[PDB]
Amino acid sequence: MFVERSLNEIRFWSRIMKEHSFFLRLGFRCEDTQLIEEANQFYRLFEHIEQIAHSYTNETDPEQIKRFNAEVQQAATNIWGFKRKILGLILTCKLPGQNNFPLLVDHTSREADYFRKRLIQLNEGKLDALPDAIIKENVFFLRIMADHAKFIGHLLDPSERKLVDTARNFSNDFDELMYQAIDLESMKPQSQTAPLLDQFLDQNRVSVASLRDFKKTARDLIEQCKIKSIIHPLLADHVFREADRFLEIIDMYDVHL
């Protein structure tokens, strides 16, 4: 259902790109003034997109929404190229002193691209059949979960030994499920049977729910200032919502099967 889904995607992901520019900005060196401005530009861009998405509704004219999709797709492409650009400066050591992790940069670029791609599937009636969506969403989100588990463990203060270790065991849980998901993807279309796919979702579910439960707790502790970390609480909430979205997808794909 094109209008339904378009707006869901955009409401969620544009909040994400908006938040991304804030985080990337926090990690720029103070003197990198052009990059700080770009970041602020993209901040307001996606902020604006966000407001527009919320002001639409299921009863909005499909054509108007197709144009919005096309427009949001172009913003998703522009934040993407911006992230790449930062990645190349960091990776060539052009920004000594800077505090963006290359992996987080690449990470946020993959989500931007997940976003632009989804918009194209929508505007093209090229959504995926259930067998393909189960594999591709999982292969995608399981890497994203594994990434978050490392961001948290890296941004936790090293004195927080027990929570650093807990995030470490989540970073290994998802490293390993991502690999099962990579194998399952190579064995397609042969792997794409009812019983293999149901088991695959079954097994991912218990972890994601656990991780989601963990990001929530972590978020509340950070907000209450109960732990030591360089984790901005908006970041903690952000990865919580990404986890929570993965879990909804997993649960709805398990209903469709």
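Residue indices: 1-based, along the sequence shown.
- As listed in the deposited structure, the average C-alpha B-factor of 227-235 and of 49-57 is greater for 49-57.
- Relative to its counterpart among 121-129 and 175-183, 121-129 has the higher mean temperature factor, C-alpha atoms as listed in the PDB entry.
- Note on the listed residues 89, 105, 142, 134: the highest Cα temperature factor in the record is that of 134.
- Among all modelled residues in its chain, residue 65 ranks in the highest third by Cα B-factor.
- Split the chain's modelled residues into thirds by C-alpha temperature factor. Residue 74 is in the highest one.
- In the PDB entry, residue 30 places in the highest third of its chain by CA B-factor.
- The entry lists a Cα temperature factor for residue 194 that places it in the highest third of the chain's modelled residues.
- Annotation for residue 222: CA B-factor lies in the lowest third of the chain's modelled residues.
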